[PDB]
């Protein structure tokens, strides 16, 4: 069968820390490729995924891409891009080789710029995708006044900058905007001083333990307070200087975590004929010794996006592929238009794009005694919030008031 070549760009080496994402998603990639080949979905053709190690480095990643174009087969599209700086370099140059790219792990909001990255698509929601979800949560609990606590690092300031636009023209006031680089204590005292009750936090795992330490000292916890912070931290992240562990857990009690949903909770059959639960069992059996990755479902759905894209492209050509050098502008535009049509139910829920960006599911968690517990989910397509009954809790008789 003639091959439909795809350029797989990801860190795979054990030497690179982000190689765990690349390797952790490969059993999921193998599962989708195996099924698509068995069903002969791409008949007469077959999906030819070639893997090239980017090593999570700008120079090595660029050479890996360059070597793939020079010595590799004629790739129709790019699959991957995990590390933010490497993905940005490749994504910006795509048009030069008329290559559409589909990432499953690059979450940097920068990539949503279609003036800079027109040929880039992603199955994973970006770091900013938590903002329309937070707005829905604030509306649901009648929280009209908020305070913000942001770590002065690009990754976090990007999220805080996006929040301004999301809360604009909405009946929500950001009464206090506070930033910090190394110590949040000064900013936490200012928030307390301005009587902030609902805090929207954007900071790393290391800074979070410092934030909650300052929160305990300033009594910015309990029935009167609601902390809404990142939901992507390592489990038992707090266990890993002035505060006590019991005092940290007391201030942490009831915080709301926000992050993308790794897999759909709906027991409905997906495009492959399996429910997300059935695919998850298949993935866990296949992965064997390889450690699991939260991007596995996004990589799995990614292969289905490519296969469905190539099908639509094949039909468009027949309505009127082998000689695709990177010179064919028209085919690149056909693939680009075909990918914009993506609309199917996958393992991560409904797979649909809005200007290259994924309209997905956002998970809401709550720290309860010893761990984060799921309390709800936000559907980006329908812009709806579903809060799980008898899970979410408040220390008071009512959820806190915003003033």
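The term rigid core refers to the most C-alpha atoms you can superpose between the two forms while keeping them within 1.5 Å. Residue numbers count along the first chain shown, from 1.
Rigid core superposition in 8 other deposited structures of this protein puts the Cα atoms of one stretch, out of 368-376 and 335-343, farther from the shown form on average, and that stretch is 368-376.
Relative to the shown model and aligned on the rigid core, the C-alphas in 8 other deposited structures of this protein deviate most, among 390-398 and 377-385, for 390-398. Compared against other deposited entries of this protein, residue 241 counts as often unmodelled, lacking coordinates in at least a third of those that resolve the residues around it. Missing coordinates between residue 240 and residue 241 amount to 4 to 9 residues of the deposited sequence. In this entry, residue 320 and residue 321 are separated by 4 to 9 residues of the deposited sequence that lack coordinates. When 35-43 is weighed against 356-364, 35-43 comes out higher, by mean CA B-factor as recorded in the entry. As recorded in the PDB entry, 267-275 is the stretch of 267-275 and 98-106 with the greater mean C-alpha temperature factor.
When the C-alpha B factors of 10, 25, 392, 380 are read from the deposited coordinates, the top value falls at 392.
Of the candidates 261, 301, 234, 127, the deposited coordinates give 234 the top C-alpha B factor. Among the modelled residues of its chain, residue 315 has a C-alpha B-factor that falls in the highest third, as given in the PDB entry. Among all modelled residues in this chain, the alpha-carbon of residue 67 has a temperature factor (C-alpha) in the lowest third. When all modelled residues of the chain are sorted by CA temperature factor, residue 82 is found within the lowest third. Among the modelled residues of its chain, residue 169 has a C-alpha B-factor that falls in the highest third according to the deposited record. Among the modelled residues of its chain, residue 147 has a C-alpha B-factor that falls in the middle third, as given in the PDB entry.
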